[PDB]
Each structure stands twice: as structure tokens, then as C-alpha cells.
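Student: To start, I am sharing the structure in question, which I have written as C-alpha cells.
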Amino acid sequence: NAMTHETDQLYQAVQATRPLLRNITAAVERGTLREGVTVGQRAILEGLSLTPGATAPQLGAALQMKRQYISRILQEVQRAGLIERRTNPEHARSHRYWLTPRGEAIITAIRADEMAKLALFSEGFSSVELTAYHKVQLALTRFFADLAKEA
Amino acid sequence: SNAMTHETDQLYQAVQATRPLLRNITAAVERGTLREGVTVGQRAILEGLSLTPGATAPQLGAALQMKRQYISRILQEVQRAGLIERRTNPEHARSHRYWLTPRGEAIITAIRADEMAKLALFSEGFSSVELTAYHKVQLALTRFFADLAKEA
């Protein structure tokens, strides 16, 4: 039973993952709507910022999102003039997408606002505490993945 | 890039892991629950009734932050499996109140013992100070984003 206090505490942290994800999404949306876009649209803009010229299937794999969802969001951001499609002379059906200057400006603004807010949050903790958070967060992700594949 | 960029880039990567983490937790938990013959959703209801014996379905819904349709579906599954029972509510007949059966009790106990033993295995890889920092920052982040969502 010597580990009980620690596992009770860790379980409480693990249980906060679900409300945390809901709160991240809702907080993110506050910032994205100021730039006229949704959270889902932001995800696609961030994806194309990271990999200019990606295909819809590639974006789906990178963002771990279903084809249907990627397809809908691509249409929304394209209609809004935030991305453009260029021809793919190697494989014509493999449509490739790039941010437009406006889409670039929007995702840049969103990211700067988000990092400024993360900086605010971080001011309340030592870098040692935050580094421990990161290490444990990633190790838990790994740990549960392994249990799901193996146990 | 100002002096905080390294730290916020790292924290951002941690925040971004929240979605695959929740997926992986759910998948890992399901491995344990199916060994005792139940699903993850069924486990959530058994755990809720373990914590508050005699709860109503709306009370469980509020405690678990789940929709009434979902709670209703799961309550039927566990009742059909003989894991919970409904008792009469002579104060408000409409307000059905539920309790674990001894079988439901055995199952959720077994699931919880297994989950905690696996959390202890994980925890062996870290100092208690690291894990405490994780808990503190986890809960502080939950609050921080809640506040942004309500206020910004």
C-alpha cells in the first residue's frame, strides 16, 4: 500500500485529461475566433504551415484526423481564401495545398497569441516543474499506448 | 523568439500530447475492463456508483459529465448484465436510484486494483517530486484553460 498516495494522486491527474482537452479546445477557440476561424480550421492552417504542399491524405495522417473531417475543413478554409490548391503534375489526383498570405497571417497571429498565453501560465512555475510535466506527459502517452498494444 | 520560447515550445508539445494521451488511456483502460467482461463506458458507470451508491441517472450524468442518452444506454447494459440494481425511491418515484450488485462490486474492485498496480509500475520510473510536479501542472493547466475559455 506504500504507493497508494502516489497512485491516487497520479490517477487524479490522469482523470483530468478529459476535462483538460475540452478546456484547451474551448480556450483555443476563443483565440481563433478573434482571427475569424474555428479550432478545426486552425488545425488545418497549422498543418499546412508545418508542411506546405501537403495532400489531404498527408494532412489527415499528420493530424490524425479522418478524411471526412479534413475534406470539410479544407473546403471551409479554401472558400475563405486562406489556402490554395496547386496542380500536381506527378499525380494529378493528389491535390496539394499551400497557405495564402492571409492564411499565413492568421495562423501566425493565432500562434503568437497562444504562446504568449503559455508564457503567462509558465511564469507561475519553475522550469524544473514544467520540464517534469513534459517528461511525465510524454512518458504516460507512451505507457498507455504500450498497454493498449500489449496488455 | 524571446527568452521563454524554448519553455513554451516544450509546454506546447506537452499540451498537444493531451489528445493522443486521452485516446491511449481509453484504449489501455479497455484492455483491463474487457478482462472483467465490461467496456470502458460500463466501467465509468460502475465507478460512479461505487463512489455514490444510490445515485440517480441525472446525478451520475452530472458527476461523470456525460449526456443523459449515454448514461441511459450504459445503465441498461450493466443492469441487464446483473451488475447494478434499481431500488424504489419513495420520496420521488420518478427518481430511480441505483446500486452496485455484489458482482458489479467485485468487477469494479478488480478493475481498480489492476489500474492502480499499473500506475505504480509506471511511477517506479520517476521520483515522487516529478510526479507531484506533473499533478500540480496538470491541474493548474486545466484551470488555466477553463479560465481562458470563460474570460478570453
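Letters for chains follow the order of the C-alpha cells (A, B, ...), residue numbers begin at 1 for each chain, and ligand numbers begin at 1 in the order shown.
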As JSON, numbers by chain, which residues of chain B does DSSP assign to helix (DSSP H, G or I)?
Tutor: {"B": [5, 6, 7, 8, 9, 10, 11, 12, 13, 14, 15, 16, 18, 19, 20, 21, 22, 23, 24, 25, 26, 27, 28, 29, 30, 31, 32, 33, 34, 35, 40, 41, 42, 43, 44, 45, 46, 47, 48, 49, 50, 51, 57, 58, 59, 60, 61, 62, 63, 64, 68, 69, 70, 71, 72, 73, 74, 75, 76, 77, 78, 79, 80, 102, 103, 104, 105, 106, 107, 108, 109, 110, 111, 112, 113, 114, 115, 116, 117, 118, 119, 120, 121, 122, 123, 128, 129, 130, 131, 132, 133, 134, 135, 136, 137, 138, 139, 140, 141, 142, 143, 144, 145, 146, 147, 148, 149, 150, 151]}
Student: Excluding same-chain residues fewer than 4 positions from stretch 78-94 of chain A, what lies within 9 Å of it counting only C-alpha atoms, as a VMD selection string?
Tutor: chain A and resid 45 48 53 55 to 57 73 to 74 98 to 104 106
Student: Restrict the selected residues to N, CA and C atoms and save them as an mmCIF file, in the first residue's frame.
Tutor:
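Result saved to again-v1.cif:
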data_model
loop_
_atom_site.group_PDB
_atom_site.id
_atom_site.type_symbol
_atom_site.label_atom_id
_atom_site.label_comp_id
_atom_site.auth_asym_id
_atom_site.auth_seq_id
_atom_site.Cartn_x
_atom_site.Cartn_y
_atom_site.Cartn_z
ATOM 1 N N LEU A 45 -4.701 24.967 -40.897
ATOM 2 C CA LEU A 45 -3.722 26.020 -41.157
ATOM 3 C C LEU A 45 -2.384 25.706 -40.507
ATOM 4 N N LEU A 48 -0.634 22.989 -42.558
ATOM 5 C CA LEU A 48 -0.063 23.480 -43.811
ATOM 6 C C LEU A 48 1.085 24.444 -43.577
ATOM 7 N N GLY A 53 2.283 22.454 -49.143
ATOM 8 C CA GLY A 53 2.147 21.499 -50.265
ATOM 9 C C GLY A 53 1.664 20.116 -49.908
ATOM 10 N N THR A 55 -0.786 16.941 -49.227
ATOM 11 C CA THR A 55 -2.065 16.472 -49.745
ATOM 12 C C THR A 55 -3.063 16.345 -48.584
ATOM 13 N N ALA A 56 -4.349 16.212 -48.908
ATOM 14 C CA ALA A 56 -5.354 15.971 -47.889
ATOM 15 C C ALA A 56 -5.080 14.665 -47.121
ATOM 16 N N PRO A 57 -4.778 13.545 -47.823
ATOM 17 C CA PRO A 57 -4.392 12.360 -47.042
ATOM 18 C C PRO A 57 -3.190 12.548 -46.114
ATOM 19 N N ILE A 73 -13.008 20.727 -43.671
ATOM 20 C CA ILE A 73 -12.228 21.897 -43.248
ATOM 21 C C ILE A 73 -11.431 22.518 -44.389
ATOM 22 N N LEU A 74 -10.821 21.690 -45.237
ATOM 23 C CA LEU A 74 -10.118 22.231 -46.417
ATOM 24 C C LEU A 74 -11.045 23.115 -47.247
ATOM 25 N N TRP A 98 -1.387 24.925 -50.190
ATOM 26 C CA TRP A 98 -0.499 25.895 -49.564
ATOM 27 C C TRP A 98 -1.317 26.967 -48.878
ATOM 28 N N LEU A 99 -0.798 27.494 -47.778
ATOM 29 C CA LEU A 99 -1.375 28.694 -47.182
ATOM 30 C C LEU A 99 -1.300 29.858 -48.170
ATOM 31 N N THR A 100 -2.325 30.706 -48.165
ATOM 32 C CA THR A 100 -2.205 32.002 -48.863
ATOM 33 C C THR A 100 -1.577 33.002 -47.895
ATOM 34 N N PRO A 101 -1.157 34.194 -48.401
ATOM 35 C CA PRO A 101 -0.651 35.203 -47.476
ATOM 36 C C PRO A 101 -1.612 35.514 -46.318
ATOM 37 N N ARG A 102 -2.914 35.566 -46.574
ATOM 38 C CA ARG A 102 -3.869 35.781 -45.480
ATOM 39 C C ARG A 102 -3.853 34.597 -44.501
ATOM 40 N N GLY A 103 -3.883 33.370 -45.023
ATOM 41 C CA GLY A 103 -3.905 32.190 -44.138
ATOM 42 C C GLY A 103 -2.671 32.168 -43.270
ATOM 43 N N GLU A 104 -1.530 32.509 -43.870
ATOM 44 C CA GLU A 104 -0.277 32.621 -43.150
ATOM 45 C C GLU A 104 -0.377 33.662 -42.014
ATOM 46 N N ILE A 106 -3.019 34.797 -40.494
ATOM 47 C CA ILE A 106 -3.938 34.334 -39.455
ATOM 48 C C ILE A 106 -3.251 33.305 -38.533
#
Student: Check stretch 71-139 of chain B with DSSP on the backbone and list each residue it calls strand (DSSP E), as a PyMOL selection string.
Tutor: chain B and resi 84-87+97-100
Student: Generate a file of the selected residues that holds N, CA, C and O atoms, formatted as an mmCIF file, in the first residue's frame.
Tutor:
data_model
loop_
_atom_site.group_PDB
_atom_site.id
_atom_site.type_symbol
_atom_site.label_atom_id
_atom_site.label_comp_id
_atom_site.auth_asym_id
_atom_site.auth_seq_id
_atom_site.Cartn_x
_atom_site.Cartn_y
_atom_site.Cartn_z
ATOM 1 N N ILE B 84 -25.723 -3.845 -11.626
ATOM 2 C CA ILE B 84 -26.369 -2.842 -10.790
ATOM 3 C C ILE B 84 -27.831 -3.268 -10.623
ATOM 4 O O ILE B 84 -28.340 -4.085 -11.379
ATOM 5 N N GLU B 85 -28.495 -2.685 -9.632
ATOM 6 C CA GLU B 85 -29.915 -2.888 -9.423
ATOM 7 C C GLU B 85 -30.551 -1.530 -9.136
ATOM 8 O O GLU B 85 -29.868 -0.571 -8.725
ATOM 9 N N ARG B 86 -31.846 -1.440 -9.406
ATOM 10 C CA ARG B 86 -32.606 -0.216 -9.166
ATOM 11 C C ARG B 86 -33.449 -0.466 -7.914
ATOM 12 O O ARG B 86 -34.082 -1.519 -7.794
ATOM 13 N N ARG B 87 -33.444 0.479 -6.982
ATOM 14 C CA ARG B 87 -34.343 0.390 -5.837
ATOM 15 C C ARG B 87 -35.408 1.475 -5.903
ATOM 16 O O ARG B 87 -35.183 2.505 -6.551
ATOM 17 N N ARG B 97 -33.134 5.192 -8.357
ATOM 18 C CA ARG B 97 -31.843 5.178 -7.689
ATOM 19 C C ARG B 97 -31.173 3.826 -7.844
ATOM 20 O O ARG B 97 -31.813 2.774 -7.708
ATOM 21 N N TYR B 98 -29.872 3.858 -8.109
ATOM 22 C CA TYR B 98 -29.129 2.651 -8.473
ATOM 23 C C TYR B 98 -28.000 2.299 -7.522
ATOM 24 O O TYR B 98 -27.332 3.192 -7.001
ATOM 25 N N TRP B 99 -27.764 0.993 -7.378
ATOM 26 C CA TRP B 99 -26.694 0.466 -6.539
ATOM 27 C C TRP B 99 -25.950 -0.627 -7.250
ATOM 28 O O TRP B 99 -26.570 -1.422 -7.934
ATOM 29 N N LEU B 100 -24.641 -0.733 -7.027
ATOM 30 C CA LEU B 100 -23.902 -1.913 -7.484
ATOM 31 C C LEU B 100 -24.482 -3.189 -6.839
ATOM 32 O O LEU B 100 -24.915 -3.159 -5.672
#
Student: Using only C-alpha atoms, which protein or nucleic acid residues come within 7 Å of residue A:7? Drop anything in the same chain fewer than 2 positions from it, and give the result as a list in words.
Tutor: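 Counting only the stated atoms, we get residues 3, 4, 5, 9, 10 and 11 of chain A; 116, 119 and 120 of chain B.
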Student: What would the file look like if the residues just selected were written as a PDB file, in the first residue's frame with N, CA and C atoms?
Tutor:
ATOM      1  N   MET A   3       2.590   2.738  -2.101  1.00  0.00           N
ATOM      2  CA  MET A   3       2.435   3.542  -3.319  1.00  0.00           C
ATOM      3  C   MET A   3       1.057   4.165  -3.472  1.00  0.00           C
ATOM      4  N   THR A   4       0.132   3.834  -2.575  1.00  0.00           N
ATOM      5  CA  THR A   4      -1.258   4.252  -2.730  1.00  0.00           C
ATOM      6  C   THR A   4      -1.447   5.775  -2.835  1.00  0.00           C
ATOM      7  N   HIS A   5      -0.835   6.541  -1.942  1.00  0.00           N
ATOM      8  CA  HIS A   5      -0.910   8.002  -2.030  1.00  0.00           C
ATOM      9  C   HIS A   5      -0.469   8.469  -3.418  1.00  0.00           C
ATOM     10  N   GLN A   9      -2.901  10.090  -6.359  1.00  0.00           N
ATOM     11  CA  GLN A   9      -2.602  11.406  -6.897  1.00  0.00           C
ATOM     12  C   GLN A   9      -2.440  11.361  -8.430  1.00  0.00           C
ATOM     13  N   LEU A  10      -1.669  10.390  -8.922  1.00  0.00           N
ATOM     14  CA  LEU A  10      -1.432  10.269 -10.360  1.00  0.00           C
ATOM     15  C   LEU A  10      -2.746   9.946 -11.060  1.00  0.00           C
ATOM     16  N   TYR A  11      -3.546   9.048 -10.479  1.00  0.00           N
ATOM     17  CA  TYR A  11      -4.866   8.781 -11.057  1.00  0.00           C
ATOM     18  C   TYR A  11      -5.730  10.055 -11.185  1.00  0.00           C
TER      19      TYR A  11
ATOM     20  N   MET B 116      -4.432   0.545 -10.659  1.00  0.00           N
ATOM     21  CA  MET B 116      -3.511   1.149  -9.705  1.00  0.00           C
ATOM     22  C   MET B 116      -2.171   0.437  -9.645  1.00  0.00           C
ATOM     23  N   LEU B 119      -0.470   1.807 -12.628  1.00  0.00           N
ATOM     24  CA  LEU B 119       0.065   3.161 -12.320  1.00  0.00           C
ATOM     25  C   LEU B 119       1.303   3.133 -11.422  1.00  0.00           C
ATOM     26  N   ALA B 120       1.359   2.187 -10.470  1.00  0.00           N
ATOM     27  CA  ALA B 120       2.545   2.049  -9.603  1.00  0.00           C
ATOM     28  C   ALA B 120       3.773   1.609 -10.378  1.00  0.00           C
TER      29      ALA B 120
END
Student: Taking 3 positions as the minimum chain separation for residues in the same chain, which residues sit within 12 Å of residue A:139 when counting only C-alpha atoms? Answer as a PDB file with N, CA and C atoms, in the first residue's frame.
Tutor:
ATOM      1  N   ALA A 132       9.380  18.567 -15.770  1.00  0.00           N
ATOM      2  CA  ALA A 132       8.815  17.345 -15.197  1.00  0.00           C
ATOM      3  C   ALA A 132       7.420  17.072 -15.790  1.00  0.00           C
ATOM      4  N   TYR A 133       6.585  18.107 -15.897  1.00  0.00           N
ATOM      5  CA  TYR A 133       5.307  17.937 -16.557  1.00  0.00           C
ATOM      6  C   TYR A 133       5.472  17.354 -17.985  1.00  0.00           C
ATOM      7  N   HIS A 134       6.329  17.962 -18.791  1.00  0.00           N
ATOM      8  CA  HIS A 134       6.528  17.473 -20.150  1.00  0.00           C
ATOM      9  C   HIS A 134       6.995  16.003 -20.175  1.00  0.00           C
ATOM     10  N   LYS A 135       7.996  15.689 -19.355  1.00  0.00           N
ATOM     11  CA  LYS A 135       8.593  14.358 -19.333  1.00  0.00           C
ATOM     12  C   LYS A 135       7.538  13.315 -18.962  1.00  0.00           C
ATOM     13  N   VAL A 136       6.800  13.593 -17.894  1.00  0.00           N
ATOM     14  CA  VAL A 136       5.760  12.667 -17.435  1.00  0.00           C
ATOM     15  C   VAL A 136       4.598  12.560 -18.445  1.00  0.00           C
ATOM     16  N   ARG A 142       3.188   7.294 -23.970  1.00  0.00           N
ATOM     17  CA  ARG A 142       3.927   6.089 -24.331  1.00  0.00           C
ATOM     18  C   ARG A 142       3.409   4.878 -23.546  1.00  0.00           C
ATOM     19  N   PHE A 143       3.362   5.022 -22.224  1.00  0.00           N
ATOM     20  CA  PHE A 143       2.989   3.947 -21.321  1.00  0.00           C
ATOM     21  C   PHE A 143       1.596   3.373 -21.645  1.00  0.00           C
ATOM     22  N   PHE A 144       0.598   4.254 -21.801  1.00  0.00           N
ATOM     23  CA  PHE A 144      -0.744   3.787 -22.146  1.00  0.00           C
ATOM     24  C   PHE A 144      -0.822   3.197 -23.579  1.00  0.00           C
ATOM     25  N   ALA A 145      -0.077   3.782 -24.515  1.00  0.00           N
ATOM     26  CA  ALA A 145      -0.004   3.218 -25.858  1.00  0.00           C
ATOM     27  C   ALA A 145       0.492   1.789 -25.793  1.00  0.00           C
ATOM     28  N   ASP A 146       1.546   1.557 -25.009  1.00  0.00           N
ATOM     29  CA  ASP A 146       2.114   0.221 -24.888  1.00  0.00           C
ATOM     30  C   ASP A 146       1.131  -0.762 -24.241  1.00  0.00           C
TER      31      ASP A 146
ATOM     32  N   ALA B  14       3.878  19.302 -24.913  1.00  0.00           N
ATOM     33  CA  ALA B  14       3.167  18.586 -23.854  1.00  0.00           C
ATOM     34  C   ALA B  14       1.638  18.771 -23.984  1.00  0.00           C
ATOM     35  N   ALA B  17       0.096  16.734 -26.655  1.00  0.00           N
ATOM     36  CA  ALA B  17       0.031  15.293 -26.378  1.00  0.00           C
ATOM     37  C   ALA B  17      -1.270  14.907 -25.677  1.00  0.00           C
ATOM     38  N   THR B  18      -2.022  15.890 -25.181  1.00  0.00           N
ATOM     39  CA  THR B  18      -3.271  15.612 -24.440  1.00  0.00           C
ATOM     40  C   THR B  18      -4.264  14.755 -25.252  1.00  0.00           C
ATOM     41  N   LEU B  21      -2.891  11.224 -25.714  1.00  0.00           N
ATOM     42  CA  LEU B  21      -2.937  10.650 -24.361  1.00  0.00           C
ATOM     43  C   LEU B  21      -4.327  10.149 -23.970  1.00  0.00           C
ATOM     44  N   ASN B  24      -5.128   7.023 -25.825  1.00  0.00           N
ATOM     45  CA  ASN B  24      -4.325   5.888 -25.306  1.00  0.00           C
ATOM     46  C   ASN B  24      -4.805   5.397 -23.925  1.00  0.00           C
ATOM     47  N   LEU B 119      -0.470   1.807 -12.628  1.00  0.00           N
ATOM     48  CA  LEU B 119       0.065   3.161 -12.320  1.00  0.00           C
ATOM     49  C   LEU B 119       1.303   3.133 -11.422  1.00  0.00           C
ATOM     50  N   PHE B 122       4.312   2.281 -13.528  1.00  0.00           N
ATOM     51  CA  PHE B 122       4.732   3.470 -14.241  1.00  0.00           C
ATOM     52  C   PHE B 122       5.502   4.389 -13.300  1.00  0.00           C
ATOM     53  N   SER B 123       4.950   4.623 -12.111  1.00  0.00           N
ATOM     54  CA  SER B 123       5.503   5.612 -11.166  1.00  0.00           C
ATOM     55  C   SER B 123       6.919   5.259 -10.705  1.00  0.00           C
ATOM     56  N   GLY B 125       9.331   4.556 -12.399  1.00  0.00           N
ATOM     57  CA  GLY B 125      10.254   5.177 -13.346  1.00  0.00           C
ATOM     58  C   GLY B 125      10.570   6.635 -13.035  1.00  0.00           C
ATOM     59  N   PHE B 126       9.927   7.222 -12.019  1.00  0.00           N
ATOM     60  CA  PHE B 126      10.048   8.662 -11.727  1.00  0.00           C
ATOM     61  C   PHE B 126      10.182   8.887 -10.234  1.00  0.00           C
ATOM     62  N   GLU B 130       8.934  14.566  -9.300  1.00  0.00           N
ATOM     63  CA  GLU B 130       8.497  14.648 -10.696  1.00  0.00           C
ATOM     64  C   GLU B 130       7.008  14.393 -10.876  1.00  0.00           C
ATOM     65  N   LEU B 131       6.491  13.355 -10.224  1.00  0.00           N
ATOM     66  CA  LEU B 131       5.063  13.047 -10.340  1.00  0.00           C
ATOM     67  C   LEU B 131       4.175  14.093  -9.702  1.00  0.00           C
ATOM     68  N   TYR B 134       4.055  16.901 -12.098  1.00  0.00           N
ATOM     69  CA  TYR B 134       3.102  16.578 -13.128  1.00  0.00           C
ATOM     70  C   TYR B 134       1.643  16.855 -12.676  1.00  0.00           C
TER      71      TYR B 134
END
Student: Check the smallest atom-to-atom distance from each of A:8, A:76, A:35, A:113 to chain B using only C-alpha atoms, then report the winner.
Tutor: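 That would be A:8, the residue with the smallest distance to chain B.
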Student: Please identify every residue of chain B that has at least one atom no more than 9 Å from any atom of chain A, counting only C-alpha atoms, and report them as a PyMOL selection string.
Tutor: chain B and resi 4-5+7-15+17-32+115-117+119-120+122-123+126+128-152
Student: Need to verify the contact set: residue B:49, 12 Å, only C-alpha atoms, exclusion of same-chain residues closer than 6 positions in sequence. Can you return it as a list in words?
Tutor: residues 42, 43, 55, 56, 57, 59, 60, 61, 63, 64, 71, 75, 78, 83, 84, 85, 86, 97, 98, 99, 100, 101, 104, 105, 108 and 109 of chain B
Student: If you keep N, CA and C atoms, can you produce a file of those selected residues as a PDB file, in the first residue's frame?
Tutor:
ATOM      1  N   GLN B  42     -19.080   1.167 -19.475  1.00  0.00           N
ATOM      2  CA  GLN B  42     -19.643   0.450 -18.329  1.00  0.00           C
ATOM      3  C   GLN B  42     -18.825   0.631 -17.036  1.00  0.00           C
ATOM      4  N   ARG B  43     -17.490   0.532 -17.141  1.00  0.00           N
ATOM      5  CA  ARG B  43     -16.581   0.845 -16.047  1.00  0.00           C
ATOM      6  C   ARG B  43     -16.865   2.235 -15.460  1.00  0.00           C
ATOM      7  N   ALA B  55     -27.162   6.735  -6.441  1.00  0.00           N
ATOM      8  CA  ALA B  55     -27.298   7.909  -7.327  1.00  0.00           C
ATOM      9  C   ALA B  55     -28.421   7.690  -8.333  1.00  0.00           C
ATOM     10  N   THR B  56     -29.016   8.793  -8.784  1.00  0.00           N
ATOM     11  CA  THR B  56     -29.954   8.783  -9.900  1.00  0.00           C
ATOM     12  C   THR B  56     -29.148   8.880 -11.197  1.00  0.00           C
ATOM     13  N   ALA B  57     -29.795   8.577 -12.314  1.00  0.00           N
ATOM     14  CA  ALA B  57     -29.155   8.704 -13.607  1.00  0.00           C
ATOM     15  C   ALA B  57     -28.746  10.164 -13.873  1.00  0.00           C
ATOM     16  N   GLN B  59     -27.950  12.432 -11.650  1.00  0.00           N
ATOM     17  CA  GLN B  59     -26.779  12.633 -10.778  1.00  0.00           C
ATOM     18  C   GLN B  59     -25.481  12.017 -11.300  1.00  0.00           C
ATOM     19  N   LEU B  60     -25.551  10.773 -11.780  1.00  0.00           N
ATOM     20  CA  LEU B  60     -24.417  10.170 -12.468  1.00  0.00           C
ATOM     21  C   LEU B  60     -23.959  10.976 -13.676  1.00  0.00           C
ATOM     22  N   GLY B  61     -24.921  11.372 -14.514  1.00  0.00           N
ATOM     23  CA  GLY B  61     -24.625  12.243 -15.658  1.00  0.00           C
ATOM     24  C   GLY B  61     -23.869  13.503 -15.248  1.00  0.00           C
ATOM     25  N   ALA B  63     -22.108  13.958 -12.419  1.00  0.00           N
ATOM     26  CA  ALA B  63     -20.822  13.589 -11.776  1.00  0.00           C
ATOM     27  C   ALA B  63     -19.784  13.186 -12.803  1.00  0.00           C
ATOM     28  N   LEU B  64     -20.228  12.452 -13.821  1.00  0.00           N
ATOM     29  CA  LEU B  64     -19.348  11.934 -14.865  1.00  0.00           C
ATOM     30  C   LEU B  64     -19.221  12.911 -16.059  1.00  0.00           C
ATOM     31  N   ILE B  71     -25.575   7.889 -20.519  1.00  0.00           N
ATOM     32  CA  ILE B  71     -25.791   7.312 -19.178  1.00  0.00           C
ATOM     33  C   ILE B  71     -26.926   6.273 -19.222  1.00  0.00           C
ATOM     34  N   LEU B  75     -26.437   2.407 -18.303  1.00  0.00           N
ATOM     35  CA  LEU B  75     -27.176   1.843 -17.161  1.00  0.00           C
ATOM     36  C   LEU B  75     -27.939   0.581 -17.559  1.00  0.00           C
ATOM     37  N   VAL B  78     -25.413  -2.434 -17.970  1.00  0.00           N
ATOM     38  CA  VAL B  78     -24.907  -3.012 -16.705  1.00  0.00           C
ATOM     39  C   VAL B  78     -26.025  -3.657 -15.878  1.00  0.00           C
ATOM     40  N   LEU B  83     -25.134  -6.218 -12.896  1.00  0.00           N
ATOM     41  CA  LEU B  83     -24.053  -5.529 -12.173  1.00  0.00           C
ATOM     42  C   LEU B  83     -24.528  -4.352 -11.324  1.00  0.00           C
ATOM     43  N   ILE B  84     -25.723  -3.845 -11.626  1.00  0.00           N
ATOM     44  CA  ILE B  84     -26.369  -2.842 -10.790  1.00  0.00           C
ATOM     45  C   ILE B  84     -27.831  -3.268 -10.623  1.00  0.00           C
ATOM     46  N   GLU B  85     -28.495  -2.685  -9.632  1.00  0.00           N
ATOM     47  CA  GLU B  85     -29.915  -2.888  -9.423  1.00  0.00           C
ATOM     48  C   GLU B  85     -30.551  -1.530  -9.136  1.00  0.00           C
ATOM     49  N   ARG B  86     -31.846  -1.440  -9.406  1.00  0.00           N
ATOM     50  CA  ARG B  86     -32.606  -0.216  -9.166  1.00  0.00           C
ATOM     51  C   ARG B  86     -33.449  -0.466  -7.914  1.00  0.00           C
ATOM     52  N   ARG B  97     -33.134   5.192  -8.357  1.00  0.00           N
ATOM     53  CA  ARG B  97     -31.843   5.178  -7.689  1.00  0.00           C
ATOM     54  C   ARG B  97     -31.173   3.826  -7.844  1.00  0.00           C
ATOM     55  N   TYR B  98     -29.872   3.858  -8.109  1.00  0.00           N
ATOM     56  CA  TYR B  98     -29.129   2.651  -8.473  1.00  0.00           C
ATOM     57  C   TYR B  98     -28.000   2.299  -7.522  1.00  0.00           C
ATOM     58  N   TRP B  99     -27.764   0.993  -7.378  1.00  0.00           N
ATOM     59  CA  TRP B  99     -26.694   0.466  -6.539  1.00  0.00           C
ATOM     60  C   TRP B  99     -25.950  -0.627  -7.250  1.00  0.00           C
ATOM     61  N   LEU B 100     -24.641  -0.733  -7.027  1.00  0.00           N
ATOM     62  CA  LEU B 100     -23.902  -1.913  -7.484  1.00  0.00           C
ATOM     63  C   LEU B 100     -24.482  -3.189  -6.839  1.00  0.00           C
ATOM     64  N   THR B 101     -24.500  -4.286  -7.599  1.00  0.00           N
ATOM     65  CA  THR B 101     -24.738  -5.603  -7.008  1.00  0.00           C
ATOM     66  C   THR B 101     -23.384  -6.140  -6.510  1.00  0.00           C
ATOM     67  N   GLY B 104     -21.204  -6.552  -9.543  1.00  0.00           N
ATOM     68  CA  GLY B 104     -20.718  -5.238 -10.013  1.00  0.00           C
ATOM     69  C   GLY B 104     -19.612  -4.709  -9.137  1.00  0.00           C
ATOM     70  N   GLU B 105     -19.798  -4.867  -7.827  1.00  0.00           N
ATOM     71  CA  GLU B 105     -18.814  -4.505  -6.821  1.00  0.00           C
ATOM     72  C   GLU B 105     -17.473  -5.248  -6.999  1.00  0.00           C
ATOM     73  N   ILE B 108     -15.705  -3.891 -10.389  1.00  0.00           N
ATOM     74  CA  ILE B 108     -15.050  -2.551 -10.345  1.00  0.00           C
ATOM     75  C   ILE B 108     -13.844  -2.548  -9.391  1.00  0.00           C
ATOM     76  N   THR B 109     -13.929  -3.340  -8.317  1.00  0.00           N
ATOM     77  CA  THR B 109     -12.808  -3.514  -7.392  1.00  0.00           C
ATOM     78  C   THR B 109     -11.610  -4.106  -8.106  1.00  0.00           C
TER      79      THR B 109
END
Student: Can you tell me how far atom CA of residue B:33 sits from atom CA of residue B:77, in Å to one decimal?
Tutor: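 Those two atoms sit 14.3 Å apart.
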Student: Could you name the residues that touch stretch 34-40 of chain B at 8 Å or less, counting only C-alpha atoms, but leaving out those on the same chain fewer than 6 positions away, as an MDAnalysis selection string?
Tutor: chainID B and resid 26 107 110:111
Student: Go ahead and write the selection's residues with N, CA, C and O atoms as an mmCIF file, in the first residue's frame.
Tutor:
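Ended up saving to selection_14.cif:
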data_model
loop_
_atom_site.group_PDB
_atom_site.id
_atom_site.type_symbol
_atom_site.label_atom_id
_atom_site.label_comp_id
_atom_site.auth_asym_id
_atom_site.auth_seq_id
_atom_site.Cartn_x
_atom_site.Cartn_y
_atom_site.Cartn_z
ATOM 1 N N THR B 26 -7.897 5.591 -22.867
ATOM 2 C CA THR B 26 -9.146 4.883 -23.129
ATOM 3 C C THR B 26 -8.899 3.464 -23.657
ATOM 4 O O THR B 26 -9.482 2.507 -23.160
ATOM 5 N N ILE B 107 -16.338 -6.687 -9.821
ATOM 6 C CA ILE B 107 -15.760 -6.256 -11.086
ATOM 7 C C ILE B 107 -15.039 -4.894 -10.956
ATOM 8 O O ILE B 107 -13.875 -4.774 -11.330
ATOM 9 N N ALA B 110 -11.866 -5.152 -8.888
ATOM 10 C CA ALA B 110 -10.814 -5.839 -9.644
ATOM 11 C C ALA B 110 -10.200 -4.907 -10.682
ATOM 12 O O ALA B 110 -8.974 -4.830 -10.819
ATOM 13 N N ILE B 111 -11.038 -4.188 -11.409
ATOM 14 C CA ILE B 111 -10.532 -3.252 -12.416
ATOM 15 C C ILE B 111 -9.613 -2.181 -11.776
ATOM 16 O O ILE B 111 -8.496 -1.914 -12.252
#
Student: Interatomic distance between atom CA of residue A:49 and atom CA of residue A:107?
Tutor: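 Atom-to-atom, atom CA of residue A:49 to atom CA of residue A:107, that is 7.8 Å.
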